[PDB]
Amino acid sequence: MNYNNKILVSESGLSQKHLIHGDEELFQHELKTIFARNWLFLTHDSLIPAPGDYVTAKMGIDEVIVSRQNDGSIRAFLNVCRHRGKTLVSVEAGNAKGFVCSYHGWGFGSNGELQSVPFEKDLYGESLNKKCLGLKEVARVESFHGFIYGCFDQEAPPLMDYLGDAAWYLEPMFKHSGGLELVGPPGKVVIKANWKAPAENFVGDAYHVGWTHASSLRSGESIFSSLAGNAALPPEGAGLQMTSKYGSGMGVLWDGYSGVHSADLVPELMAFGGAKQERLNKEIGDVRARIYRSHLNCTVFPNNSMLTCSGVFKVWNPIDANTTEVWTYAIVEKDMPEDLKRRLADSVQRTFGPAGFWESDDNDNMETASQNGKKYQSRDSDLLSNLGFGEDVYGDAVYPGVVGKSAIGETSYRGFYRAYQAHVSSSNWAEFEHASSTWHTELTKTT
């Protein structure tokens, strides 16, 4: 398939070819143009706070070691020995000053440098240029208020610029609340879906909540329970949707601070969030202070998703076109009392973890939609994402980004997929920029 010319995503991101969820040649091409080019979530400061602390993470299909250096910075390296290619580290987290390969014993430091080779003098003499044999290093590693992302492409924009207009929405919870911590370890489950299915679902799918999650809403008695079975229209102005240049986007559901949490936690959360909101009003203003205690369902392009307030944090790790490994962490505000942090983390896993009863509702939806993408009569069919098209705005006085002033629509799908076409049809970041010079105009067209 010629990805320079193939229209995989139609103008304004109004539709996508169903094959994008099933085509393995496209998956291989995404490794290059999506995962090797963009920013990917690695970890949080809270998970590697002390020198020598490390975790392993995936970046696309590659595995990396992410390590806290003595000077406080974080560096990440391919988890692959420079000699014969064995996987260096077989655990998920730990503390160490270096890593020794179990094949022939080469020892690398936390800084990636080849530090020792068994019998170097007797075998290699002075012929080994160790300086050239350090672990392959991830070119870019940056932090967004404690959340650490990596990018293999030196030409990528800085992470803050990459977040674009989405950053304004995240900042109340990520910055003005005092800071978040990620509670590990994550749940890890393989699903038979394309990584884009849950990614698109978290970036802008409020439409499915009432129907897909009817049973969980009704059973858990959470704050959104009135939507069960599409029983109830959500109020006018109950929220909005937004998207950005580099693909990140999110839904905003005003005031839903207790999120998906069952009634046992609703009162405490609503009290906690409201008290903070009161102090934030003076620091950042009423609007942003309210964004802080509003439920954001966001995807940070390409494959990192989250539900603020609910505290759900996901990585949709790609394995192949119909296989994804789902990592599930809990996000908590650092100044929450410890007992509440503990209970919120359990609630996140209870709802969205490996046995998350909410997450289970979505399984069939994601798996079959992805697998249908391989079926002959569906490959060339069009997935629709036109809900709200021609009512979105650019450059609003109060809410930045391409924005749909309604809780339920497909604004964020359109922005996610416009960014996806631009990358898949581009060879480098400069070409993506050229393909994206009129992004917001393309997205608001008929308005």
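Whichever C-alpha set is largest while still superposing within 1.5 Å between the two forms counts as the rigid core. In this text, residue numbers run from 1 along the sequence as written.
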Q) Is the larger C-alpha RMS shift in 8 other deposited structures of this protein, relative to this form with the rigid core superposed, found in 229-237 or in 242-250? A) 229-237
Q.
Using only C-alpha atoms and the B-factors in the entry, which stretch averages higher, 359-367 or 188-196?
A. 359-367
Q | Which of 221-229 and 334-342 has higher mean CA B factor, as the PDB entry lists it | A | 221-229
Q: Tell me, please, which of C151, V315, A321, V209 has the highest C-alpha B factor according to the deposited entry?
A: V209
Q: Among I61, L42, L387, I34, single out the one with the highest C-alpha B factor in the record, please.
A: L387
Q. Lowest, middle or highest third: where is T351 by Cα B-factor in its chain?
A. lowest
Q. Compared with the other modelled residues in the chain, in which third is the CA B-factor of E126?
A. highest
Q.
Quick check for you: using the entry's CA B-factors within this chain, is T438 in the lowest, middle or highest third?
A. highest
Q.
Per the entry's values, where does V326 land by CA temperature factor relative to the rest of its chain, in the lowest, middle or highest third?
A. lowest
Q) Lowest, middle or highest third: where is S73 by Cα B-factor in its chain? A) middle
